[PDB]
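The chain that follows stands alone, in the form deposited in one PDB entry, written as structure tokens.
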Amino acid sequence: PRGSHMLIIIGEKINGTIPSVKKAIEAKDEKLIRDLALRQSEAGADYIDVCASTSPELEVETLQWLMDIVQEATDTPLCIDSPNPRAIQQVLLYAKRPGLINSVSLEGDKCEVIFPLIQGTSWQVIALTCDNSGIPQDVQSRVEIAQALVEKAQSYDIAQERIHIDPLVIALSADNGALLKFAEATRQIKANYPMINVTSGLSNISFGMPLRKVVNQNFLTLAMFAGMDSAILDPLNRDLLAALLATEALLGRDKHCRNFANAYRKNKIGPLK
């Protein structure tokens, strides 16, 4: 298919919601963070997500700390993850090179703050298909919100190719059509905007189910075949990485299956040696 490319990976591990990362933040233990940055970059991450998950008054200093330790360790660009657009505004200048912003939506002033910040730069943006009413109730509302986001971005000269639209997959336990609806939203959005990226996290699909890792991995395989361009995930999860690379090969994107053969040769997938 026109415009096929390897899945863009956003490495999720440097997030203060994870207890081990929360403690390293408290200590200014540069070592655990450096290491997460290195190992994710070595596993093929394209971006390193940084999320403070602290009290609001320590968020700006914590992001700045996480940013500095990541960038001392690796040139793989940052994904600045904050729910507070002001925090993103106050840390963007600490990045050595343009990356990804996680995220805007039509809620509040998210677009009004972040779009002028990245206008005229090569920063990219995740855009969630939700607004002041919360999570939309059907496919068509997601597609319409997508259109609204793209049009507001364009008013700041931000091209479709810089936007990763997240159409907000539902828990399969709450709606058995969750993936089917994800694929249909994806189809409509990419038809309207051929140069845009569609993105997702992998874990919301499996809430309320057992063996969540298994459900997440099959979601990833199917979402990829449905047209997903990027995802936020854990590239150090060796079974997930094996699924990801197997699917790439199966979708015809890994010439002679070399990438898969290698990751097997170098022991990055398969039984741990």
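Residue indices: 1-based, along the sequence shown.
The discussion below concerns the form deposited with a small molecule bound, not included here.
Contact annotation for the candidate site: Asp68, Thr74 and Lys96 all lie away from the small molecule in the bound PDB entry (no heavy atom within 4.5 Å). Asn237 is the sole member of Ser230, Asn237, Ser41, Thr62 with a non-hydrogen atom within 4.5 Å of the small molecule in the bound PDB entry.
Between 112-120, 153-161, 198-206, 88-96, the stretch whose residues reach within 4.5 angstroms of the small molecule in the bound PDB entry through a non-hydrogen atom is 198-206. For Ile18, a non-hydrogen atom is located within 4.5 Å of the small molecule in the bound PDB entry, even though that partner is not displayed. When the small molecule is considered in the bound PDB entry, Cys130 lies well away from it, no heavy atom lying within 4.5 Å. Looking at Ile126, you'd find a heavy atom of it within 4.5 angstroms of the small molecule in the bound PDB entry. The small molecule is not shown here, but in the bound PDB entry it comes within 4.5 Å of a heavy atom of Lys213.
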